[PDB]
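Trainee: What follows is the file entry.cif, containing mmCIF, C-alpha atoms:
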data_structure
#
loop_
_atom_site.label_atom_id
_atom_site.label_comp_id
_atom_site.auth_asym_id
_atom_site.auth_seq_id
_atom_site.Cartn_x
_atom_site.Cartn_y
_atom_site.Cartn_z
CA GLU A 21 135.13 174.17 142.56
CA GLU A 22 135.31 172.21 139.30
CA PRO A 23 132.20 172.73 137.13
CA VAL A 24 129.97 170.00 135.78
CA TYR A 25 128.56 170.36 132.26
CA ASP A 26 125.19 169.64 130.71
CA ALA A 27 124.69 167.47 127.65
CA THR A 28 124.80 170.61 125.46
CA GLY A 29 128.36 171.27 126.63
CA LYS A 30 127.55 174.21 128.89
CA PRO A 31 128.83 174.42 132.46
CA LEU A 32 126.15 174.46 135.16
CA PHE A 33 128.17 177.05 137.09
CA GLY A 34 131.51 178.84 136.85
CA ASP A 35 133.54 179.09 133.66
CA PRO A 36 134.28 176.49 130.98
CA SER A 37 137.78 175.07 130.57
CA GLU A 38 139.32 173.26 127.63
CA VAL A 39 140.17 169.59 127.87
CA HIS A 40 143.78 168.58 127.33
CA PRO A 41 144.58 168.01 123.63
CA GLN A 42 145.79 164.49 124.43
CA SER A 43 142.83 163.48 126.57
CA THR A 44 140.66 160.65 125.33
CA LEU A 45 137.72 163.06 125.64
CA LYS A 46 137.36 165.05 122.41
CA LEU A 47 134.97 168.01 122.49
CA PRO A 48 132.54 169.19 121.36
CA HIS A 49 130.60 165.92 121.31
CA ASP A 50 126.93 165.10 121.75
CA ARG A 51 125.64 162.59 124.28
CA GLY A 52 122.59 161.62 126.23
CA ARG A 53 120.09 159.35 124.57
CA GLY A 54 119.86 157.66 127.98
CA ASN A 55 121.77 156.82 131.17
CA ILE A 56 123.08 153.49 130.01
CA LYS A 57 125.10 151.58 132.56
CA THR A 58 127.82 149.14 131.68
CA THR A 59 130.72 147.22 133.20
CA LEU A 60 134.49 147.23 132.91
CA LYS A 61 134.53 144.21 130.59
CA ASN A 62 131.75 145.69 128.45
CA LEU A 63 133.53 149.06 128.16
CA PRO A 64 133.17 150.50 124.61
CA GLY A 72 126.33 151.38 119.59
CA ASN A 73 126.67 147.93 121.12
CA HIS A 74 124.57 145.16 122.64
CA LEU A 75 123.52 147.49 125.48
CA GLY A 76 122.41 150.30 123.19
CA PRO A 77 123.73 153.79 122.26
CA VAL A 78 127.36 154.65 123.03
CA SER A 79 128.77 158.15 123.45
CA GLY A 80 131.88 157.05 125.32
CA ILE A 81 133.06 156.00 128.77
CA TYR A 82 131.84 157.66 131.97
CA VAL A 83 132.78 156.70 135.52
CA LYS A 84 131.93 157.68 139.10
CA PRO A 85 132.95 156.25 142.49
CA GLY A 86 131.21 153.00 143.34
CA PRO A 87 132.41 152.11 140.83
CA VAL A 88 129.65 152.90 138.34
CA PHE A 89 130.31 152.92 134.58
CA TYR A 90 128.16 154.29 131.76
CA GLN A 91 128.42 154.13 127.98
CA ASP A 92 125.96 157.03 127.55
CA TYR A 93 124.77 159.65 130.00
CA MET A 94 122.20 162.47 129.97
CA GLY A 95 122.82 164.41 133.18
CA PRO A 96 125.64 166.75 134.21
CA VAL A 97 129.16 165.33 133.95
CA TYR A 98 132.70 166.38 134.71
CA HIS A 99 134.96 167.15 131.76
CA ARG A 100 138.01 167.19 134.09
CA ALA A 101 138.77 165.09 137.16
CA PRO A 102 137.71 167.09 140.21
CA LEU A 103 140.98 166.82 142.13
CA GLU A 104 139.43 168.42 145.25
CA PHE A 105 137.80 165.01 145.71
CA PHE A 106 140.95 162.91 145.13
CA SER A 107 143.58 161.96 147.75
CA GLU A 108 146.90 160.14 147.59
CA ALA A 109 146.44 156.41 147.92
CA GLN A 110 148.50 153.26 147.60
CA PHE A 111 150.03 151.64 144.55
CA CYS A 112 147.57 149.12 143.09
CA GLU A 113 149.23 146.10 141.48
CA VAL A 114 146.09 144.97 139.60
CA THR A 115 144.71 147.84 137.52
CA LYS A 116 142.87 148.34 134.26
CA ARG A 117 143.66 151.58 132.38
CA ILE A 118 140.50 153.09 130.91
CA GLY A 119 141.59 156.44 129.48
CA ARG A 120 143.55 159.69 129.64
CA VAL A 121 141.79 162.46 131.54
CA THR A 122 142.37 166.15 132.15
CA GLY A 123 142.64 167.05 135.83
CA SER A 124 141.01 170.16 137.29
CA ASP A 125 144.62 171.41 137.47
CA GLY A 126 144.78 171.26 133.67
CA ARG A 127 147.29 168.39 133.58
CA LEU A 128 146.98 165.03 131.80
CA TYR A 129 146.43 161.92 133.94
CA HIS A 130 146.03 158.27 133.14
CA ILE A 131 142.88 156.88 134.76
CA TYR A 132 142.55 153.31 136.03
CA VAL A 133 140.05 151.12 137.82
CA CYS A 134 141.71 149.04 140.51
CA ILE A 135 140.69 145.42 141.04
CA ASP A 136 138.97 146.47 144.29
CA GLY A 137 136.76 148.94 142.38
CA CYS A 138 138.59 152.16 143.23
CA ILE A 139 139.07 154.87 140.58
CA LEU A 140 142.72 155.96 140.42
CA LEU A 141 144.77 158.60 138.60
CA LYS A 142 148.48 158.73 137.84
CA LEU A 143 150.11 161.78 136.25
CA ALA A 144 150.80 160.98 132.59
CA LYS A 145 154.21 162.67 132.53
CA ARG A 146 156.89 161.09 134.71
CA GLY A 147 158.00 162.87 137.87
CA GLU A 148 155.11 162.23 140.26
CA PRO A 149 154.90 158.47 140.77
CA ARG A 150 152.03 158.63 143.29
CA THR A 151 148.54 157.23 142.83
CA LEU A 152 145.50 159.43 143.49
CA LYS A 153 142.14 157.90 144.39
CA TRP A 154 138.64 159.33 143.88
CA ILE A 155 137.49 159.34 147.48
CA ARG A 156 134.40 161.52 147.49
CA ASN A 157 131.43 161.24 145.13
CA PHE A 158 130.29 164.73 146.13
CA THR A 159 128.00 165.77 143.27
CA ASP A 160 127.16 162.21 142.15
CA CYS A 161 128.16 163.26 138.62
CA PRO A 162 130.36 160.95 136.57
CA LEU A 163 133.57 161.89 134.78
CA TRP A 164 133.44 161.73 130.99
CA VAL A 165 136.63 159.77 130.34
CA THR A 166 136.47 159.06 126.60
CA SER A 167 134.23 160.14 123.74
CA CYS A 168 133.33 157.72 120.93
#
Please express the file's structure as structure tokens.
Mentor:
Amino acid sequence: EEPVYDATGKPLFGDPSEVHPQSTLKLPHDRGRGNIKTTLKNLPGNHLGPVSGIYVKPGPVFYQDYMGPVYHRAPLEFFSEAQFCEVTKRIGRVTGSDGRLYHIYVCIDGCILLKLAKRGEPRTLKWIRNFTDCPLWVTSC
């Protein structure tokens, strides 16, 4: 099971793992003045308040700051292969729970998708299950 982490950077269970050096999440980094929601077009303070980066969970729900536990790596246990989406918006580069670098997208239908950053696995993965209701910290400001 992939850990979630508190705002202090400590995992709530299990062991910590490093994020990929080329992820758009750079740690350590503070966060959590509030749970401040945003939208894809308002993706990053700004007019909505404090910004610590980009966070996303299935829904889709986006935040620009978040106080509760978050994933530092995409929990691949909760992703499944899905179909190629022709209309996507790339939002960052995330570490998978497998330690590899993925590009992360939001599809025009609202689905959160990953593609492996390195060539060789052309498939699209989709975040199917919002099991813990914790967002993924995609990028830090």
Trainee: Taking only C-alpha atoms into account, name the residue in A:52, A:29, A:119, A:147 that is nearest to residue 93 of chain A.
Mentor: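 Of the candidates, the smallest distance to residue 93 of chain A is held by A:52.
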Trainee: Using all atoms listed in the file, determine which residues lie at most 8 Å from residue 40 of chain A, disregarding the query and same-chain residues fewer than 3 positions distant; provide the list as an NGL selection string.
Mentor: :A and (43 or 121-122 or 126-128)
Trainee: At a cut-off of 10 Å from (136.5, 158.4, 141.4) in the coordinates of the file, what residues are picked up using all atoms listed in the file, written as a list in words?
Mentor: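 Residues with an atom close enough to that point: residues 83, 84, 85, 86, 87, 88, 101, 102, 103, 105, 106, 131, 132, 133, 137, 138, 139, 140, 141, 152, 153, 154, 155, 156, 157, 162 and 163 of chain A.
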Trainee: Counting only C-alpha atoms, which residue out of A:80, A:123, A:95, A:149 sits closest to residue 161 of chain A?
Mentor: A:95
Trainee: Go through A:58, A:89, A:124, A:115 and flag the residue nearest residue 36 of chain A, using all atoms listed in the file for the distances.
Mentor: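 Using all atoms listed in the file, the shortest distance to residue 36 of chain A belongs to A:124.
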Trainee: How many Å separate atom CA of residue 136 of chain A from atom CA of residue 51 of chain A?
Mentor: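 Answer for the atom CA of residue 136 of chain A to atom CA of residue 51 of chain A separation: 28.9 Å.
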Trainee: Using all atoms listed in the file, which of A:77, A:30, A:167, A:37 sits nearest residue 100 of chain A?
Mentor: A:37
